[PDB]
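Heads up, the thing below is written out as C-alpha cells.
To keep things simple, chains are lettered A, B and C as they appear, and every chain counts its residues starting from 1.
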Amino acid sequence: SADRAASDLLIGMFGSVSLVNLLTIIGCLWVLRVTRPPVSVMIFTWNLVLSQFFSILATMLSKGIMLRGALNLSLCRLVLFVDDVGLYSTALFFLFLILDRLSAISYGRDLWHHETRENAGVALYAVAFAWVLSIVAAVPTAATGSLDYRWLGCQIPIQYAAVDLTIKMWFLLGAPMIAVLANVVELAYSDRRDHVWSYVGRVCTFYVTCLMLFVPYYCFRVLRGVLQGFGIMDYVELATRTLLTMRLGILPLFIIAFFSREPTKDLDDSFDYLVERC
Amino acid sequence: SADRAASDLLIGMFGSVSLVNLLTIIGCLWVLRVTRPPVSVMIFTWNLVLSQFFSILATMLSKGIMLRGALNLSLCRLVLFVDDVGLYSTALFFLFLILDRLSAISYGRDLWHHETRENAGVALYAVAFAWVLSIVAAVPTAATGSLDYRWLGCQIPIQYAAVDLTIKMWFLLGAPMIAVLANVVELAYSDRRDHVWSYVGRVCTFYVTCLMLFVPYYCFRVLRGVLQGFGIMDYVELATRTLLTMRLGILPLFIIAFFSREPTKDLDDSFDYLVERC
Amino acid sequence: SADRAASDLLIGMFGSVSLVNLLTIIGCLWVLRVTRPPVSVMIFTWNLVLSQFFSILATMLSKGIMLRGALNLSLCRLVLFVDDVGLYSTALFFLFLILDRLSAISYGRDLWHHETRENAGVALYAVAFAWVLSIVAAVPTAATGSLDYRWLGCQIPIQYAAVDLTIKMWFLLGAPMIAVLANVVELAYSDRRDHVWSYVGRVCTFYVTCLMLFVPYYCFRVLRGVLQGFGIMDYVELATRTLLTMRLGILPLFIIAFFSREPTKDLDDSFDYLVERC
C-alpha cells in the first residue's frame, strides 16, 4: 500500500502546482484588461477558467485525495460527471476561441474597437451551447461510473472503455480539430493569409499537446480488456493516468497563448504600465 | 389504466394538432410560389415537409394510438425505424437549408434570378445524401427496438439508452450546430455581415428550441438506468416524452422561418396578391 | 466447402487486380512529377498510396488467402486493426485532399509556383494527425476482433456490429462529407465559383461511390442480428462483402481524379513528353 500513498502524493502535488498555475492565469487575465480586449475574448477566456477549475476540483476527488473511505457509487458517479463536464467544455471553449480569433485576425478586425454587439452575442450564445452540450455528453458517464479496485480512485469500468474513448476522441480531437483544419486549409489559399501564420503555429502545437496527453490513457484503457500486488500492467496505467492529470497545468497556459495575435508582447506592455502608475 | 387512456388522448390531440399545422405549412408553401423562390429553397423545404409527415405518422404508431394489441416486436422495430428516419432527416435538412440561406443572403444572391443550375444541383445531391444517411443511421435502432411495458407504446430499451443519446446528440445538435456556429463565427468578421444578423437570430432560437425539446427525454432515459401502479419516475418519463412530441408542431413552423430573408413580409405580399385576382 | 474455396479465389483475384491497379497509380503518379505539382498534393497523394497498400495487404490476410490454419485470435485482432487503419486514413486523406484542392482552385492558386512553405506545412501536419487519429479509431477494433466461423476469415462479432457501423459511418461519410458539403454550399454562392464546378462534379461521384460500397456491408451486419450448409443469409453476406473488397480497385483511381483541376489533360502532356525525350 506504500505505492498507493506515493501515487496519492504525486497527484496531489501536481494539482497543487496546477491550482497555483490557474490562479496565475486568473491574475494574468485580470492585468490584461488594460489592453482592451474584445468582449468575445473575455467571454471565452473567463468561461475557460471556470471549466479548468471544475476539472481541477473534480480530478482530486476522483483520485481520492481526501475522500477515501467515503467514496461510494453515488459520489463516484457525481465526481466523474463533473470531471468530464470540465473536460468536454474545455475542448469546445478552446475550439470556439481559436475559430473566433482566426476569423478576427485574418480579416484585420481583432481589437476592441473592431467588434460589434453581434460579435459579443455570438460568443455568449456559443458559450451557453458548449456548457449545455458538455452536460449532455457527460450524462452517459454519470450513469456508468464505478469504484476503482486496483487503486483507491474513481474510474469508468473497462467494459465501457470502448464507448468512453469514442466520445472522448470525437469531442477532444475528432470534431474540434477537423473544423479547425478545414478553416485553416481554406485560410491558407486566401488573400487574408499574411498575418495568420503566427496564430496557426500556436493552434498546431496546442492540438499536438492535447493529442499526446489524452490518447495514451484512453487507448490503453481499451487495450487493457484484451491484454489482461501491482504488476507491470498496473504501473503503466498509473503512468498513463498522470499524463492526463498534467493537462490541468498545461492547458491553462494556452488560454493566454490564444488571447490575441501576440500575447507575449501585449502582456509586457500591460505589466510594465501596471507597475508604473496603475 | 385510466392514466394510459388519458395519455393516448394527449398524444392523439397533439398529433392531430400537429397534422393540421403541417397542412397549413403545405398550403403556405404553395401560396409562396408566386414570390418565386430559388429551386434550392424549394427542394429543401418540400423534402422537410415529407420528412415531417413521416415523423408525425410514425409517432402516432409509436404511441399505439390505433395499433394497440397488434404491436409486436416486428412492428415496433419498423415503427421506431421510420420515426428516427424523419428525426434524422429533419436535422440534416434544416442544417443544409440554414447553410444554403446563410451563404446566399450574405453574398447578396438569394432571389430566383441570382441562382444557377449548379446551385440547384448541389441542393439535389445534398438532399439525396441526407435521406440515405438517415436510413443508415436509423438501421441500428431498427435492430434494437422493443415493446414498452410501463406504458403501451413502443420504445428503445434502457440498456441501449446511452448509445441512443450519443447518436441523437451528434445528429441533432452535435454536427449541425458546430457547423452552423463555425460558419457564423467566420461570418461575424467578414464584409458580408450587414444583412445576415436577421437570419442569424432565427437560427439561434431554432437550435435553442431543438435543445429544449430533445435533450430532456434522452438524458432522462440514460439517467433512469441508475435512478431505478405508476410512480414518480413513470410520470416524469411521460412528461419528458410529450415535449418530444411537441416537436411535430413547432419544427414545421421553422420551415417558413428559414424560407427567405424576411418571410413575414414576403408572405403578406403573396397572400394579398393571391386573394385579389389569382 | 466448394463454395468456400470459390470465395477465396474471387477475393484473391480482386486483390491481385487491385494490386496491379495500385502499382499503375504509383507509376502514374511518378510520371506526373514533370508537370510540377504542389508539395501539398504530393504529400496527400503519396500518403494515400501508402494507406491503400495497408488496406490491400490487410484485406487478403483478413480473408485468409494464405494464413488459413494459423489464424488465431491474436492474428485476427492485429489484421482487423491494420485494415481499419488504412480504411480510416483513406477517408481522412481524401477529405483533406479534396478540401485543399477546392480552396486552391477556387482562389486561382493551384500550380507549383502558387504555393508557399506554409501551404506544405499544413499538409504535412494534417497528414500526421490523420495517421494518428486512424490508429486511435482502430484501437477499439483490435480489442473486439474475433475469428469468423461461417467462413474462414476475420470479422467483428455481430454483437459489436452497431458500434462498428457508427464509427464507420462518421469516419467515411459522416464527418468528411458534412465538411465538404458545407464548403461547397458556401462556394456555390461566392464569386470564386466559375472554375470550381468541374472539381465539384468529381467529389459528388466519388462520395456516391463510397456510399454504395461501404453502406451495404455494415448495414447488413447490424440487420443480421435480428433477421437470424450455407443459406441465403450467408451468400448475401459474401455478396455484400465483395463490394467492400471492390473498394481496393476503385478508390486508387480517384487519387489521380483529385490530383489537379484537369488531370486527364495534364496526364496526356506528361505521358507524351515522357515518351518523346525523357
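Remarks
The working rule: contacts are C-beta pairs under 8 Å (C-beta built on N, C-alpha and C of every residue); 3 or more make two chains touch, one makes a residue touch a chain.
Contacts between chains leave no pair untouched here, as each chain touches all the others. For the copy pair subunit A and subunit B, the superposing rotation over Cα atoms measures out at 120 degrees to the nearest 5.
The distance from the centre of subunit A to the centre of subunit C, with each centre set as the mean of the Cα atoms, comes to 33 Å. Shown for subunit A are the residues in touch with two or more other chains, namely 163, 166, 170, 175, 179.
Residues 77, 96, 99-100, 103-104, 106-107, 109, 118-119, 122, 125-126, 129, 132-133, 136-137, 139-140, 142-144, 163, 166-167, 170, 175, 179, 183 of subunit A are the ones that touch subunit B when the two sit in their complex.
By the touch criterion stated above, subunit C contacts subunit B in their complex at residues 162-163, 165-166, 169-170, 173-175, 177-179, 181-182, 184-186, 188-191, 193, 197, 200, 204, 207, 211, 215, 219, 222-223, 225-226.
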